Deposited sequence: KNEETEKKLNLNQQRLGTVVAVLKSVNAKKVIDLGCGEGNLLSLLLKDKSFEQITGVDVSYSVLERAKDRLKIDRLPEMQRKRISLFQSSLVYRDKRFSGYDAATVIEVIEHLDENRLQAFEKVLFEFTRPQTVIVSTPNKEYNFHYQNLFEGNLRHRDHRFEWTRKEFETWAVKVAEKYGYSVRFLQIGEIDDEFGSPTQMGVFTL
């Protein structure tokens, strides 16, 4: 499924840069945390979410209060707004922002940018967001999955990526996740930012 490819790619990218400490900003229900917890190469796995409701679901989904001792010593989950600085954000090799920016209004987005690229400022930053164009053509209204609004087009994602890259001094690489359409691109767009 697409989610597998999406999260599977993030992990792959993280290993390519030999990231040992990873923080997933806006971790939702911990799906990425799950996959990361399966790769012993990651020494510290951290998830952050603005809603404790979602964090609680993440805790249950991961059965954190069940994993072995050495397993629970590597993961951490905590609540934060993601728009203000937080000391708990520093000291990481990489930060992941999966399907998060399309949900942020102009205001929260710009503040999130400073906290991420200026304060947290990790060696690697992975960001993925849907492709409005691709979905418009392959996603049926009210249908939960692909195959036959606030999402960004390729141009919009590329424009944003170049903007933060040149403003904060990151080199940016563009990846296409999912089946590629010669005219519309792929289901999800990904930008890999490196210092």
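Against the full deposited sequence, the model leaves out several stretches, namely 1 to 9, 158 to 160.
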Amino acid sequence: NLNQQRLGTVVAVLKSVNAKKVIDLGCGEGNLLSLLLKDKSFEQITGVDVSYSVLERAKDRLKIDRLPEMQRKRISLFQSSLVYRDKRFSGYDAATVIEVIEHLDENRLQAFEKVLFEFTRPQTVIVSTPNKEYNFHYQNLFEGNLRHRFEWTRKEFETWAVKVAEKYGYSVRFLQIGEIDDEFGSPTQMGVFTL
From here on, numbers count along this sequence of modelled residues.
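Averaged over Cα atoms, the B-factor as recorded in the entry is higher for 64 to 72 than for the other of 125 to 133 and 64 to 72.
For the pair 55 to 63 and 139 to 147, the record assigns the higher mean C-alpha temperature factor to 55 to 63.
Each of 41, 159, 153, 46 has a CA temperature factor in the record; the biggest one is found at 41. Residue 180: CA B factor in the highest third of modelled residues in this chain (values from the PDB entry). For residue 1, the recorded CA temperature factor ranks within the highest third of the chain's modelled residues. Among all modelled residues in its chain, residue 86 ranks in the middle third by Cα B-factor. Residue-level temperature factors show residue 50 in the middle third of its chain, judged at the C-alpha atom. Compared with the other modelled residues of the chain, the Cα B-factor recorded for residue 37 ranks in the highest third.
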